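Contents: one structure, followed by commentary.
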RNA sequence: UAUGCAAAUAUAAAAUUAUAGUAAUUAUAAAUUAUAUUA
RNA sequence: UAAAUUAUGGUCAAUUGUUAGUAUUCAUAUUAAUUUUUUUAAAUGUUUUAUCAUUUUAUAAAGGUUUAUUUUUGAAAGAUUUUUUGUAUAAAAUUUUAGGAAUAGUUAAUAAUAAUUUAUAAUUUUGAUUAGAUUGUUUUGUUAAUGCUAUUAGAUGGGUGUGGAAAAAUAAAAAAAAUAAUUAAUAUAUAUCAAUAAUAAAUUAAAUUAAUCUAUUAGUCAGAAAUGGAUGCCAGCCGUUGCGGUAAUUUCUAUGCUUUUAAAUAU
Ligand SMILES: [Mg+2]
Ligand SMILES: [Mg+2]
Ligand SMILES: [Mg+2]
Ligand SMILES: [Mg+2]
Ligand SMILES: [Mg+2]
Ligand SMILES: [Mg+2]
Ligand SMILES: [Mg+2]
Ligand SMILES: [Mg+2]
Ligand SMILES: [Mg+2]
Ligand SMILES: [Mg+2]
Ligand SMILES: [Mg+2]
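Chains as they are written, first to last, in the entry's author numbering: chain Ca, 353 to 402; chain DD, 763 to 812; chain CE, 10 to 380, 390 to 435.
Structure below.
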């Protein structure tokens, strides 16, 4: 039930607006959602292979 | 990410997780309160649907 | 670390069903009034100039130095179907389909259609739902019309409810039992309240008193309440509410009336979370996902996607006047090579003479669907011979029912072929 | 008809009665009640 | 006088009485208890020793205390060949009675003083002393919760004063100076105040060692459940509004019928 302020997204907004990418694959790879190991452990918990 | 300039993807940016492949029809499972004679659901026998 | 599991939260009421929402409230579902552009906003021309403010500097909107060409950002539609939803929806669109009449929708989906007398005018064709009727109490009051005349009037308290999020309660004093029942029911449909079930129970304590009855409606793990209060709160579809009337249960005043009026009053004082969030001018945590695609193509706008064609604004003014229209005789054989001959044949919009080029049969068809002296027309000559209109087909006559010679018929239709 | 003596409603409180063991309550206000010299 | 994020972290507060115009925590609810049931206690002779003696063996009798109860190692532990030390008795907080007045071998200084030392003394209305009740500062019950409501029992003056310490006159369940004994936890029929037993209270059977037990209640107007028969403001019912005036679904009786099945009822 947290209520964010109006401008809450600003930091991320200037981070996105100023991003830059070597190629377009880096721009959207499927895995940019993941940084820490916890991220990789949540994303693949399903395949016992990976 | 380490200097804090990486565009964030948080759980705040996730919408609804949609039903993609609709499961199956769940057919009506016969319970003890569905009986065509009022007798089979008695007070001396049936204390509830299950 | 949150030991209450959302897995087990609730109270089995036995047979009583209640609705739940997969994601949002169903009224907020189809957004078509902003999507297909039915709103008063678009109709009033005012403010449409503002899509195009870049035109205010002519040599710039050609040059494309500034990336902002549009009202909300980089272009006029970046995300049309996403961004705007980040405002809490206070006044959702609801049910918008007109394919039947309101009374036909009402008829099919609601039992309420069967009892037209029990419903007020404002709600008449408006309900799609089935309602349960629960009669809390009957009672007798003496009504004195005069110092001799005395009537026995009775007194009803009940509440109409449907677990799909809508209830209401009423009470009445009438001459007969049936009368007071019906009166109470239309008094209960007059007072109908609804509840936003996005939150499934109150997120803060509501402390409110009906006349002399102090009520507390607070968040709980499940439904806890007096049996009656409980299935009243079930009539709204609350899973997580819990509620108490008058501290100790023995506290005065306590009547069945009081018990009902209390919980309904309380629920009527409850504020939805979305409403609270808009109230402070803030963005709810739940609605932020809608901003994501916007934020996404901010990130992705680098490079060529940010680039606009040099020299070209997209606004091309008319300069000359063009008319390609032709006299009919010119277009009679104009498209013969591209398509078949007699291209415009029965076309009413594309010809000044709709009947030209037509072979006799098709000319006869039109009149066929369309339908003073001692002379015989050729019409009744056909009726007494029994040839109708079809048999004459190698003869230049189209309209059989005119009185004129064959030569006349030839000259009237001559320009057509 | 304010020279003796004389604190005392202007409210700090926990269901009525009762010297603080008696009875089981009490209190309460707008429904209803035909004659007051108006063109 | 700015927001914040490297995102659910530091581990669950959550309230259930069918009422009767209205005002006021007050009958009938649940939990906890007393009503209520013999599955945990127990019998007398303590014991050595150098002989009429001397060594070992220290807080369950009663009385009614609210400014109240406080202490050592010299005994044993305990180890070297002999002289071995110092630390203690004092205080501070918390203290009850619906309607409230004085209390007294008495304060402080002197000192191993004074039944007649010296002094303008001490306790009390910020509630004393007598007098009632009462076993004091990790223990319970209810509850979402600051609360409300319990907690036993055990220190009762001196008078040849022993002993390290008075705790010293039945009433153990503490092995008490040689390994009594550990194949023991079982103690028969007594007590005191505790110690919650209707332990799958009803159909397929007890991987036993078959030992203890033969086990039932309520309602029947309101509100699950009714008819006969009496009775006639009587007899009686009464958690409560109230019922009983020859037709009582509210008494009594007979028979059925109702229950969500450790019982009704009383406190
Ligand atoms: Mg940042
Ligand atoms: Mg009461
Ligand atoms: Mg003693
Ligand atoms: Mg005393
Ligand atoms: Mg003290
Ligand atoms: Mg002392
Ligand atoms: Mg003595
Ligand atoms: Mg009944
Ligand atoms: Mg009786
Ligand atoms: Mg008789
Ligand atoms: Mg009878």
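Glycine included, each C-beta is placed from N, C-alpha and C at the ideal position.
Item	Value
Local Cβ density within 10 Å of residue 236(CE), reported as buried at 16 or more and exposed below that	exposed
Inter-residue spacing [alpha-carbon to alpha-carbon] between residue 199(CE) and residue 128(CE)	8 Å
Within chain CE, the residues that residue 354(Ca) reaches when beta carbons sit closer than 7 Å	294
Residue 153(CE) - DSSP class collapsed to helix/strand/coil	strand
Residue 371(Ca): contacting residues in chain CE (beta-carbon distance under 8 Å)	308, 311
Every unbroken beta strand (DSSP E) within the region 280-324 of chain CE, with a cutoff of 3 residues, ordered by chain	none
Endpoints, the alpha helix (DSSP H) within which residue 200(CE) is located	Segment: none, residue 200(CE) is in no alpha helix (DSSP H) and carries neither H nor E.
Spatial distance of residue 349(CE) from residue 370(CE) (CA atoms)	18 Å
Residues from the region 769-796 of chain DD in contact with chain Ca, defined by Cβ distance under 8 Å	769, 770, 771
Euclidean distance between Cα positions of residue 778(DD) and residue 269(CE)	37 Å
DSSP bridge partner residues for residue 227(CE) (one or two, in chain order)	251(CE)
Assumed close pair residue 276(CE), residue 204(CE) - CB separation to whole angstroms, cut-off 8 Å	6 Å
Residue 299(CE) vs residue 44(CE) beta-carbon contact at 8 Å	no
Limits of the unbroken alpha helix (DSSP H) element including residue 48(CE)	No alpha helix (DSSP H) holds residue 48(CE); DSSP gives it neither H nor E.
Chain DD contact for residue 399(Ca) (CB, 8 Å cutoff)	no
Contact list for residue 297(CE) against chain DD, beta-carbon separation under 8 Å	774, 775
Pairwise C-alpha distance: residue 352(CE) and residue 392(CE)	43 Å
Chain Ca contact for residue 767(DD) (CB, 8 Å cutoff)	yes
Complete alpha helix (DSSP H) runs within the region 56-110 of chain CE (minimum length 4 residues, chain order)	67-72
DSSP beta-bridge partners of residue 218(CE)	223(CE)
Chain DD contact for residue 385(Ca) (CB, 8 Å cutoff)	yes
For residue 304(CE) and residue 361(Ca), believed in contact at Cβ under 8 Å, the rounded distance	7 Å
Where residue 428(CE) falls: helix, strand or coil (DSSP)	helix
Helix, strand or coil at residue 382(CE) according to DSSP, with G and I counted as helix	Residue 382(CE) cannot be located in this model; chain CE continues from 380 straight on to 390.
Beta-bridge pairing of residue 178(CE) - partner residues as DSSP gives them	168(CE)
Residue from 414(CE), 310(CE), 314(CE), 360(CE) with nearest C-alpha to residue 365(Ca)	310(CE)
8 Å Cβ cutoff met for residue 283(CE) and residue 97(CE)	yes
Neighbour flag for residue 380(Ca) against chain CE, beta carbons, 8 Å	yes
Identity of the residues DSSP links to residue 143(CE) by a beta bridge	168(CE)
Pairwise C-alpha distance: residue 130(CE) and residue 336(CE)	60 Å
Interface residues of chain Ca facing residue 289(CE) [CB-CB closer than 7 Å]	355
Selected residue, minimal CA-CA separation from residue 196(CE), among 356(CE), 114(CE), 217(CE), 166(CE)	166(CE)
Where residue 43(CE) sits in the DSSP three-state scheme	helix
is_contact[residue 363(Ca), chain CE] using C-beta, thresh 8 Å	no
CB contact below 8 Å: residue 368(Ca) versus chain DD	yes
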